[PDB]
Amino acid sequence: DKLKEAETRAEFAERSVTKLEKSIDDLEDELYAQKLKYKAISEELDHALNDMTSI
Amino acid sequence: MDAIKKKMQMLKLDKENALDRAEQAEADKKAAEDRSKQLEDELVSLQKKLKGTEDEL
């Protein structure tokens with residue numbers, strides 16, 4: 001009688017894992033892309049500073 | 001960035017100082033030239049007066 005309740009608990013918790021895996025992976029990869037863009041804009045400024053700081 | 005701002009301010013400071021020096025030098029050069037021209041003018045008037053005096057002598 002409560003066996004089916006436990007099955008529902010397990011199944012409803014399991015689908016949340018799948019739903020959250022995509023969210024975490026997408027968020028982490030978007031963070032990675034943002035950091036890469038930050039480094040791309042940073043290195044150009046670094047080279048400009050190499051030429052800029054008292055030549 | 002940031003150190004760019006500091007370097008830019010330092011260079012603007014240098015430009016301010018250099019332009020101020022140039023302006024001061026130009027003004028003094030003008031003044032000295034005016035003094036020299038006045039001296040030459042009075043020298044030639046002196047020659048005129050001496051010539052007139054020698055004529056009358």
# chains A, B, ... in the order shown; residues from 1 in each chain; ligands from 1
$ closest_atom_pairs --of "chain A" --to "chain B" --cutoff "9 Å" --atoms "only C-alpha atoms" --output "CSV"
residue,atom,partner,partner_atom,distance
A:42,CA,B:1,CA,8.9
A:45,CA,B:1,CA,7.2
A:46,CA,B:1,CA,9.0
A:49,CA,B:4,CA,7.2
A:52,CA,B:4,CA,7.4
A:53,CA,B:7,CA,7.2
A:54,CA,B:7,CA,8.0
